[PDB]
Amino acid sequence: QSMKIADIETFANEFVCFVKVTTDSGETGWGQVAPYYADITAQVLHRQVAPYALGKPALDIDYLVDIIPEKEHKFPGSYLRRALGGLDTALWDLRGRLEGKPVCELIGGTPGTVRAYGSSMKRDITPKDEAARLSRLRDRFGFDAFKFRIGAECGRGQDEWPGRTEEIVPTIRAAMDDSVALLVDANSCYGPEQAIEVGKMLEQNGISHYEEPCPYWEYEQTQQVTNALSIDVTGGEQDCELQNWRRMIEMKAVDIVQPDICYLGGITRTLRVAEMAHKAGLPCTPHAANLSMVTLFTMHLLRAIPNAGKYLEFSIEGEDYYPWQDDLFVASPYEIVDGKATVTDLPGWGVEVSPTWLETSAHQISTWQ
Amino acid sequence: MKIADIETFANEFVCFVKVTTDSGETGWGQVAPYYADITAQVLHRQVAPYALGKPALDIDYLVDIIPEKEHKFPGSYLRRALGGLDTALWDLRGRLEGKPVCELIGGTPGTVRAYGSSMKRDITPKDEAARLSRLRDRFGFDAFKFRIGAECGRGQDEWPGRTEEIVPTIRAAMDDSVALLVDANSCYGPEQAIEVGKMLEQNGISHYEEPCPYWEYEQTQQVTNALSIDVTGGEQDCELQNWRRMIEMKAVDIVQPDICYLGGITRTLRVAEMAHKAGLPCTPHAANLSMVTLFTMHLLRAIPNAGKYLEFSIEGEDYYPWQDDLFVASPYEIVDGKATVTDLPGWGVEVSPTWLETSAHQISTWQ
Ligand SMILES: [Mg+2]
Ligand SMILES: [Mg+2]
């Protein structure tokens, strides 16, 4: 008898939901679904994911991740994939713990360090404040790459306020030495013509990464931008469907692919996207926008994949922006030294969810009958 | 007129939506069936905050902007919740103007030819032949759809030989004036799909629905290109950019959006219009007798490229126990094989108070 999945448990609040899997012999692993409306994701997982997993071989993640999107074929898109990513990440943890190895080792890497870029999420902050803040971060933690925001999120061509973009790009560049890589993200702001003009201005100021210039669901628009520019154009964080990834990569719509491990549905599906990209010659620089487990999943992936991109996205926002990210874990795995994060040799994900966070969570369980 | 309150009334299968304006006018619609109590929570948390306080008559603004406000949730549930709001706002306008929804969208009250649509793979070919003959005798249907293959079957039939037998068995049981349609529900790869479709063509079948994984447009396109029988699809497609591509590709002969899975009337009319420009008929998917069949009836009374018939589920209580007693007066009477859109304002139905009383209710109110 191979180990079977006996119980699937969730521990949630509106923001974050952890997933705990237990086998019929008592071994466990912990994962997490995508943050945001996590309490709803939890319900989807019990209702639409768990019925297909209970009683199944616990080590056969490929079966589950392959079959459940077809069992629930009337539900294409985000919520199902978010729920599946919780089960997948918990199962990889379970395996790591069984084998006594970190997830990066199971998927072909080794523990060690990863270059991080400090990622700013605010469009609210003035250019001068953002330059100040990033400079202080560079001094304190040693970051040698940063990402800041331009345009307005799905802004249909409009900036956050008049002139913010023209100001911020050279203000940050001025504050930072040429040894510091600068990245920007437009959050689907521009049509292609405008996106190209903005991109030529980025190229005048030593910016090296241009993320989501156009509505992300319009591949042709993005492809027009990639083709017209020299700056690397990057995208993919909201793309949760493998057939969509195959199409984006066939079209070479971007220079760099940026799946989000939780939005895409877990490590297994992310590894398939990274391989598709590797076959086409494209680096994979995953999206990780907060300090829930999404960052640590990404750290393990970047230690492993042959076409890992240049750095880990590492959110530098504090408690005003992500108050729900504080005290998720017994010990933070996110200490940065000399601009680098570290994957340790601890088994599985190598973290423990805070008992203080768990006491107050909404718990739900599905058990194999 | 502004949207003051958005209410849902749900169980696990069906959730109705009631919108009230700040001057007290109301309209009723429905989200897509299934996990409907999860869809209700999505509606309150991710749709209603963008609608409260907004002009009640401007449905275009809402259905256009909400998918962008919630761009982190591409896919089904957001769209299911949006269709609840859209259909209730169309009923509200219909009631305000004293007109059925079909008149608001350029059509007229009247009849629609229906096809009796079987959902079962369980049933033997002879039993399906018997049940359908009986339905033709009783109700006058002159078209039927039945199932072949297995749902998302990866090339396997429901049991060996079911498909080879059912196709000629139903064709032999039905007068030549009865049209026969099939649905493979994503069973086949293209090569197998072509071989099956060559058999359908030789056996008087005239409509071949979803031969391949719906998500693989190039596979379906290969089948459409190899066959003479009309290939059809679209019921799970809820993204307009995906519809654009499907149509531009001519991946199918006939598009079959589902008004509720796609996100309501305004969005389905955009799809229908994209199809009309590419010269494709639109024969929407409607698989149960919740309000989705009545929405489709009004759309087919109005759209210039309406396909041949309305999909009309012929399943009973054993398959859809949850659809009984939804409405005070059923809009679903069939005479001589046809459904009827009446001149009653809006959708022309009222949700049963007996169903409402046991529903789970939730409200979002403009502050
Ligand atoms: Mg981004
Ligand atoms: Mg169908």
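Conventions we followed
- Residues numbered from 1 in each chain as written, not as in the entry; some residues may be left out.
- Chains lettered and ligands numbered in written order.
- Heavy atoms only, no water.
- Residues with missing side-chain atoms left out of burial classes, pairs and counts.
- UniProt positions renumbered as here; feature names shortened; annotations may be inferred.
- Helix = DSSP H or I, 4+ residues; strand = E, 2+ residues; numbered from the N terminus.
- Rg over C-alpha atoms; globule rule 2.2 N^0.38 Å.
- Contact = heavy atoms within 4.5 Å.
- Patch = residues over 30% accessible without salt bridge, like charges linked within 9 Å, V, L, I, M, F, W, Y side chains within 5 Å.
- Areas by Shrake-Rupley, 256 points an atom, 1.4 Å probe, with all protein chains shown as cover.
- Salt bridge = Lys/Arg side-chain N within 4 Å of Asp/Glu carboxyl O.
- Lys, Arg positive; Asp, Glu negative; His and termini not counted.
- Charge placed at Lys NZ, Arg CZ, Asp CG, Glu CD.
- Buried < 20%, exposed > 50% of the residue type's maximum accessible area, 1.4 Å probe, protein only.
- Domains from an automatic or database assignment.
- Buried area = accessible area lost by both parts, 1.4 Å probe.
- Pairing = 2+ DSSP bridges.
- Axes fitted to C-alpha atoms, helices over the stretch in contact; angles between N-to-C directions.
- Donors = N, O, S within 2.8 Å, 3.2 Å for Na, K, Ca; no water.
- Polar contact = N/O pair within 3.5 Å; in protein donor to acceptor, adjacent residues only side chain to side chain.

The name the PDB entry gives chain B is Mandelate racemase/muconate lactonizing enzyme family protein, with Hoeflea phototrophica as the organism. Per UniProt, the comment on chain B under Cofactor (unreviewed entry) is "Mg(2+)".

Per the PDB entry, chain A goes by the name Mandelate racemase/muconate lactonizing enzyme family protein and belongs to Hoeflea phototrophica. Among the UniProt annotations of chain A, the heading Cofactor (unreviewed entry) holds the following wording: "Mg(2+)".

Student: Would you explain the overall build of chain A in this entry?
Tutor: A tally of helices and strands in chain A yields 13 helices and 12 strands. Since a compact globule built from 369 residues should have a radius of gyration of about 21 Å, the 20 Å found for chain A is in line with a globular shape. Projecting the C-alpha coordinates of chain A onto the three principal axes gives extents of approximately 65 × 40 × 35 Å. Within chain A, contacts between residues at least 6 apart in sequence are counted, and of these 72% link residues at least 24 apart.

Student: Please explain a negative patch on the surface as it appears in this structure.
Tutor: Residue and element names in this part refer to chain B. Taken together, the side chains of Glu317, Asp324, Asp325 and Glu357 present a region of like negative charge at the surface. Position of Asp325 relative to the elements: it lies in the loop between β10 (310-313) and β11 (338-341). Look at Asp325 and you get partly exposed, because its relative accessible area is 42%.

Student: Hey, could you run me through the domain arrangement of chain A in this one?
Tutor: How big an interface is tends to be expressed through the accessible area that disappears when the partners come together. Residues and elements named next belong to chain A. Split into domains, chain A comes out as domain 1 (1-100 + 355-369) and domain 2 (101-354). In this structure, domain 1 and domain 2 have C-alpha centres spaced 26 Å apart. Counting residues at the interface gives 34 residues for domain 1, matched by 30 residues for domain 2. When domain 1 packs against domain 2, the two sides together hide about 2700 Å² of surface, and 66% of this comes from carbon and sulfur. The three residues of domain 1 that bury the most area against domain 2 are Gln32, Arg81 and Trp92, which together make up 21% of that side's buried surface.

Student: How should I be thinking about the sheet that holds strand β2 (residues 17-23) of chain A in this particular structure?
Tutor: Backbone hydrogen bonds hold the strands of a sheet together, and the pairing may be parallel or antiparallel. All names here are of chain A. In space, the four strands of this open sheet follow the order β3-β2-β1-β12, with antiparallel pairing throughout. One side of each edge strand has no neighbouring strand; the edge strands of this open sheet are β3 (28-32) and β12 (362-367). Each adjacent strand pair in this sheet contributes to an overall mean axis angle of 20 degrees, direction not counted.

Student: Looking at this structure, I do not really get the pattern of salt bridges. What am I missing?
Tutor: Tallied over the full model, the rule gives 37 salt bridges over all chains. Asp320(A) is the salt-bridge partner of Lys122(A), the closest N and O atoms lying 2.7 Å from each other. Residue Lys122(A) is found in the loop between β4 (112-119) and α5 (127-141), and its partner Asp320(A) is found in the loop between β10 (312-315) and β11 (340-343); the two are separated by 198 residues along the sequence. For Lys122(A), a relative accessible area of 19% translates into the label buried. The exposed category is assigned to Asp320(A), whose relative accessible area is 57%. The residue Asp142(B) makes a salt bridge to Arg113(B) at a minimum N-O spacing of 2.7 Å. Placement of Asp142(B) in the loop between α5 (125-139) and β5 (143-147) and of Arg113(B) in strand β4 (residues 110-117) is noted, with a sequence separation of 29 residues between them. By sharing partners, the salt bridges in this structure join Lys147(A), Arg149(A), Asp185(A), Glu211(A) and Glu313(A) into a single network.

Student: Looking at this structure, I do not really get the environment of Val167(B). What am I missing?
Tutor: Residue and element names in this part refer to chain B. For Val167, the position within the fold is in helix α6 (residues 162-173). Note: C-alpha distance between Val167 and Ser117 (50 residues apart in sequence) is 15 Å. In this view, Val167 contacts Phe146, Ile148, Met199, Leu200, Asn203 and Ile205; residues no more than four positions away in its chain are not counted.

Student: Before we go on, may I ask you to explain the coordination of the magnesium ion (ligand 1) in this structure?
Tutor: Angles at a metal have ideal values that depend on geometry: 109.5 degrees with four tetrahedral donors, 90 or 180 degrees with six octahedral donors. All names here are of chain A. Only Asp185 (OD), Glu211 (OE) and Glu237 (OE) from the protein coordinate the magnesium ion (ligand 1), and they sit 2.3 to 2.4 Å from it. The sequence pattern describing where the donors of the magnesium ion (ligand 1) fall on their chain is D-x25-E-x25-E. Here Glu211 lies in strand β7 (residues 207-211) and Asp185 lies in strand β6 (residues 181-185), a separation of 26 residues in the sequence. Grouping residues by exposure puts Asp185 and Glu211 together as buried.

Student: I would appreciate a short explanation of the coordination of the magnesium ion (ligand 2) in the present structure.
Tutor: Note on the magnesium ion (ligand 2): its protein donors are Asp183(B) (OD) and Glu209(B) (OE). The metal-donor distances range over 2.1 to 2.4 Å. Here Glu209(B) lies in strand β7 (residues 207-209) and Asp183(B) lies in strand β6 (residues 179-183), a separation of 26 residues in the sequence.

Student: Would you mind going over the UniProt feature "binding site: Mg(2+)" (unreviewed entry) in chain B with me for this structure?
Tutor: All names here are of chain B. The sites that UniProt annotates as "binding site: Mg(2+)" (unreviewed entry) are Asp183, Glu209 and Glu235. In three dimensions, the annotated residues from a span of 53 residues occupy one location, with a maximal C-alpha spread of 11.4 Å. Relative accessible area serves as the criterion here: at 1%, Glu209 is assigned to the buried category. Sequence-distant contacts of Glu209, that is, excluding residues within four places in its chain, are made with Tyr115, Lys145, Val182, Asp183, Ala184, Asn185, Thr232, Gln256 and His285. Polar side-chain contacts of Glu209 include one of 2.7 Å to the side chain of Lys145.

Student: What exactly am I supposed to notice about the UniProt feature "binding site: Mg(2+)" (unreviewed entry) in chain A here?
Tutor: Residues and elements named next belong to chain A. Feature annotation in UniProt places "binding site: Mg(2+)" (unreviewed entry) on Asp185, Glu211 and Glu237, given in this structure's numbering. Its relative accessible area of 1% is what places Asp185 among the buried residues. Excluding residues that lie within four positions of it along the chain, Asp185 makes contacts with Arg123, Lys147, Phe148, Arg149, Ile150, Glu211 and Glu212. Excluding its chain neighbours within four sequence positions, the residues that come into contact with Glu211 are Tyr117, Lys147, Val184, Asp185, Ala186, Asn187, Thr234, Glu237 and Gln258. For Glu211, the side chain forms a polar contact with the side chain of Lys147, separated by 2.6 Å.

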